[PDB]
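Which chain is which? The protein sequence lines are NA, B2 and G, in order. Heads up: the first sequence runs through residues 1 to 492, numbered per the authors' numbering. Heads up: the second sequence runs through residues 896 to 945, numbered per the authors' numbering. Heads up: the third sequence runs through residues 121 to 225, numbered per the authors' numbering. Heads up, the thing below is written out as structure tokens.
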Amino acid sequence: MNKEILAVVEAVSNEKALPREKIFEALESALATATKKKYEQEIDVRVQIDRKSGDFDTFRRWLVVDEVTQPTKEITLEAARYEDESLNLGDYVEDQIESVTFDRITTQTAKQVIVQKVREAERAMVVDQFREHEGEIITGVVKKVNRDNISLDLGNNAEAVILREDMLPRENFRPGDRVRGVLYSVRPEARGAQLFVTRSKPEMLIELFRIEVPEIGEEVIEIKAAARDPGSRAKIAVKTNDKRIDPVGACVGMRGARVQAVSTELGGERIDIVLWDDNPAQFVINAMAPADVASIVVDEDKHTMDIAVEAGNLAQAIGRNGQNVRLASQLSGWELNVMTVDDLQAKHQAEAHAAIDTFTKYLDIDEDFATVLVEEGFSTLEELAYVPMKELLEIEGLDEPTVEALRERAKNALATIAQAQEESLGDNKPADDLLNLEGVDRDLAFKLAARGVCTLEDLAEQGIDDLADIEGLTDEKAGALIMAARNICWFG
Amino acid sequence: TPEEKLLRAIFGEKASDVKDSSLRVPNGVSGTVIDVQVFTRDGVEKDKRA
Amino acid sequence: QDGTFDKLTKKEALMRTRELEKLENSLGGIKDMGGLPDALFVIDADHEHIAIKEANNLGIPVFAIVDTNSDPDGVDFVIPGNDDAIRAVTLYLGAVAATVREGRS
RNA sequence: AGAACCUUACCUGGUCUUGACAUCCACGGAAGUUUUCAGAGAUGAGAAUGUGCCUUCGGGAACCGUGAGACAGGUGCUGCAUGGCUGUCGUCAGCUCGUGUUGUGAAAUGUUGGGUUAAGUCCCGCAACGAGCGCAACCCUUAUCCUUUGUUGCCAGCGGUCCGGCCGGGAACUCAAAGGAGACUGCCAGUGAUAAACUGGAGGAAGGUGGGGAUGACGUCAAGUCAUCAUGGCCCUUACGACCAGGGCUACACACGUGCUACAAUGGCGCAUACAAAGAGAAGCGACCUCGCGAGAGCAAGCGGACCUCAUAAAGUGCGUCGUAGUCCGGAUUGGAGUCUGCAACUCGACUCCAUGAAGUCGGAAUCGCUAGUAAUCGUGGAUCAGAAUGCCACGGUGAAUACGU
């Protein structure tokens, strides 16, 4: 009876490596819940188990409140202070009630709550154990295969999950199969799987190379980037600080043995290993392997690169369904446009002609002078407006007065273009003029300006009938806005 | 289990007999209980309904 | 930090602190660094000739403030100058540490 | 860790060979047990009596004989063809490896040096940084104490006492058997590079690994064993195999190794009396009483064991006594009469009684053991074993000197 509580607490504490305190708190909550179910009224109940005897007292409790909404769980401050003058709002008044007899009903409830706490703490221990192994390749046995996930057994009551997106597209696992994967996330969820394992993400490739290539595990070779199309093709970029070591040769190994071991573990995925370069253009040339690059043009402002290839290499540079260019773009972080040498020249000629047409139209210069600006590398009105005066003065035939005039024209052309778009839509001109009438939101101002009503005067000249087709404008609201516009324009 | 063994402390029963099952009755007929007789062999404790 | 004095006997408790202490003052300040280094900033290349020659076997670029009695042949980016006094180190180390700080952005 | 026969592998000689011993096959015979015997015995010639189980009763199993063989057998040679096992340098502190590094390289470095220690034992320094076999520590016994239990072990306080722990009775004690406490340079002081560590002091049963023991690093002698056994060859197989009786291993001008007993007076003999530990015990240890000068014998308690027995310890002491002698020293050898073991004591057992009485009077050149409960000295037990120690292995009694120092 008494000594039996101690023997049960000791047996459970030793077998489940769990704090005795956490088991008692849970038994108290279990007994309180079992007690609540014997009363027809919703009562609040506290149970306290004596830690030496195993005896337990059951208390009905009331929350001390100002206004009682639930007479079964709440007591007024005036009534609480009649029993104990020390009580405040938010304290509990407690009456000792008859403790529920420990029948097989309470016994079953206690067993369920113990099993739940054992699971909660086994789960906390698994999270704490595997948190240090986040990013590493773990090995599990397939316990269950569902449509949307695979449950892995890692041993020691640890379960992991591979989601459908985290699998390779051609993998078929059976219960009892051994599977390797990277533990990429540990989640302390109260329900579900806590350990998330991937075979599809780039981290799986990096860690397979770390295991297969000692020089990566010894930090002699660094993997700088990895891009992956899971179960089809990957690219890895490798660097070394030791000039005596070829990083590509080390990752390939004798006759490709190392890269073939990684490829075999990934279901026959093709792996390209490229040298990392600190020059972006040289790194993209390396990333485009096995296609030979003829020239690269870098657009730093758009973060894009145009890659010219020989017409025979175009299909190899793009790859099957664009796979080669996409993996190179993901590996470099640059947007990569693959074209022929002839197409690149045609693109540059079209851009130069468009820049010449833009400069001739907006700067009131001749085509010969516009051509000189494009040959000196100016392509936009913004460059001409904002570039340091020294760079414009390095151009043969530009004097300080002509550069100042060119910049003033470029700024005025930019202002004109901005004002034109601001009157075409509702950016600034119609967002102030047409939107002067009280009630005009920015959307309505742009809808008005799309009909050619750009100013508060243009709106004052309209009829209700001219505006009736504008979505969100009722005849009454149209009439109010036209009258507000007329009051400002004609009577202000 | 340890929790079923804890019945010895508060309830007092050693092991709640040995098994657990309440003689429940079968189906096929409705009705309304109109009369209950309880006969007691002499010496046995009469319960509260007897 | 959590133990080695209560997990076991007191004889190994005092002893294993010496295994910690002798390893800390000579290695402990490099502990959280995985992989080969990239630039060794050296205070003297004369009595630390074994230091500068160890990187050239691995191709690491070396930086050393050498004196007149030192050997410039070992280091790649040679910095001449007095380095024996205590005052010269105050100018030296504080300046070069900021050069790594602008690189950490 | 013990040769009278056996052992036993050797010699003289008497015998036997598919056999001293094993597996397999053929036919008969159960097996077994008792007796007469040829002869030294072996083996062989026999003579009675028994003839059990499974029943597939036209045959198996258990077992003996006869026959053919394939073989069995060998302590026969080779330890330098070998395994295993073991001895020794030495319980000395040393022997190496990984990777880096220096040199063309063999290799070196680490393991070197300053200190210190029983100790590459730690500490510091160092182109080295770690790792392993060792050292140490962990294990066993002994050193004090607490706790549990209390017999066949014990008797402090308690009653009866054939006054014997013998009997009630007691549970602290000795003792006993289990588990822990405890000694770790832990504490102090000086010294020492704030190092390691050393030299004193404190407390403590024990103090610098408390004492002892087991434990024996790579390898060295191409050390020892073919004879424990295992085993490649090689070889014999009417034989170097096998069986029996007797002998020899114990023989004897002589030298060496290791011990025992002594050469005496801190000694010998007689009388009285004190104090152990450990171990052994069933075709075995043997009380007690009795015949016996003695070795032992008869009857026979108890005990297949803290109880019973071997088993009444010796010097020690108290006293008497001899009186520096080859003698109440020493007792070899020798004659006679016997005791038990065992079929058997002659070659060739031990022991005992009576008699006998040697050399020897502290040892030359040279050489050995031992640093503490040791040397030395005294007595006991045990394995071996039918019987047969002064040896070997264990036990406890008594109890030293000296260690300037390299």
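Quick reminder that beta carbons are idealized off the backbone N, C-alpha and C, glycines included.
If I measure Cβ to Cβ from residue i and keep anything under 8 Å in the same chain, skipping five residues before and after, which residues do I get?
i	result
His-169 (chain G)	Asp-191, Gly-194
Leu-392 (chain NA)	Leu-384, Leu-398, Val-403, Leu-406, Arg-407
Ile-221 (chain NA)	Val-213, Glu-215, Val-238, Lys-239, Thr-240, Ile-245, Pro-247, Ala-250, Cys-251
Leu-344 (chain NA)	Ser-295, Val-297, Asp-306, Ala-308
What span of residues does the alpha helix (DSSP H) with residue i cover, start to end?
i	result
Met-135 (chain G)	130-144
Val-115 (chain NA)	104-130
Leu-314 (chain NA)	314-318
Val-47 (chain NA)	Here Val-47 (chain NA) belongs to no alpha helix (DSSP H); instead the beta strand (DSSP E) covers 44-49.
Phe-197 (chain G)	Not the alpha helix (DSSP H): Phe-197 (chain G) falls in the beta strand (DSSP E), residues 197-200.
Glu-476 (chain NA)	475-491
residue 527 (chain NA)	This structure leaves residue 527 (chain NA) out entirely; chain NA is present only between 1 and 492.
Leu-902 (chain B2)	902-905
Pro-280 (chain NA)	280-287
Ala-460 (chain NA)	456-460
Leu-331 (chain NA)	323-332
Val-403 (chain NA)	400-424
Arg-221 (chain G)	207-221
Among the residues of its own chain, which have a CB less than 6 Å from the CB of residue i, if the five just before and after it don't count?
i	result
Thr-264 (chain NA)	none
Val-65 (chain NA)	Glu-74
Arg-486 (chain NA)	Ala-460
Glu-438 (chain NA)	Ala-484
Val-338 (chain NA)	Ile-307, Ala-317, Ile-318, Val-325
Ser-379 (chain NA)	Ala-355
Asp-196 (chain G)	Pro-181, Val-182
Tell me where the beta strand (DSSP E) around residue i begins and ends.
i	result
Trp-62 (chain NA)	56-65
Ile-271 (chain NA)	270-275
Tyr-92 (chain NA)	92-97
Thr-76 (chain NA)	74-76
Mind checking whether the beta-carbon of residue i lies closer than 6 Å to any heavy atom of the ligand ATP?
i	result
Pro-175 (chain NA)	For the ligand ATP, the structure offers nothing, since it holds no ligand at all.
Pull the bridge partners of residue i from the DSSP assignment, please.
i	result
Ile-307 (chain NA)	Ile-296 (chain NA), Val-338 (chain NA)
residue 498 (chain NA)	Residue 498 (chain NA) lies beyond the residue range present for chain NA, which begins at 1 and ends at 492; the question has no answer from this structure.
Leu-18 (chain NA)	Bridge partners of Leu-18 (chain NA): none, in fact.
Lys-235 (chain NA)	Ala-227 (chain NA), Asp-272 (chain NA)
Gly-155 (chain NA)	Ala-158 (chain NA)
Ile-356 (chain NA)	Answer is none; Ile-356 (chain NA) lacks a bridge partner.
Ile-138 (chain NA)	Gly-181 (chain NA)
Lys-144 (chain NA)	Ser-151 (chain NA)
Residues in its own chain within less than 7 Å of residue i by CB, not counting five upstream and five downstream?
i	result
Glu-28 (chain NA)	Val-47, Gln-48, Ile-49
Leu-456 (chain NA)	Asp-433, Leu-434, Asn-436, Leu-437, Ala-485, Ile-488, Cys-489
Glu-83 (chain NA)	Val-93
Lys-173 (chain G)	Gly-194
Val-259 (chain NA)	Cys-251, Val-252, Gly-253, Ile-271, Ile-273
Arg-178 (chain NA)	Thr-139, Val-141
Take every Cβ of the region 315-330 of chain NA, pair it with every Cβ of the region 352-363 of chain NA, and state whether three or more of those distances are shorter than 8 Å.
no
Three Cβ pairs or more, each shorter than 8 Å: is that satisfied between the region 289-298 of chain NA and the region 250-270 of chain NA?
no
Using 8 Å as the threshold, is the region 201-218 of chain NA in touch with the region 133-149 of chain NA, meaning 3 or more CB pairs across them?
yes
So within the region 241-268 of chain NA, which uninterrupted alpha helix (DSSP H) runs reach at least 4 residues, ignoring any that extend past its ends?
247-252, 257-265
To test your reading of the DSSP string, which unbroken beta strand (DSSP E) runs of 3 or more residues are found completely within the region 182-230 of chain NA?
195-198, 221-229
Please give me, in chain order, every unbroken run of the alpha helix (DSSP H) with length at least 4 that falls completely inside the region 137-193 of chain G.
169-176
Does the contact criterion of 3 or more C-beta pairs under 8 Å hold for the region 117-135 of chain NA versus the region 49-64 of chain NA?
no
Does the count of Cβ pairs from the region 102-119 of chain NA and the region 178-191 of chain NA closer than 8 Å reach three?
no
Evaluate the contact criterion for the region 182-190 of chain G versus the region 153-171 of chain G: three or more CB pairs, one atom per stretch, below 8 Å.
yes
Is the region 363-381 of chain NA close to the region 409-427 of chain NA, with three or more CB pairs under 8 Å?
yes
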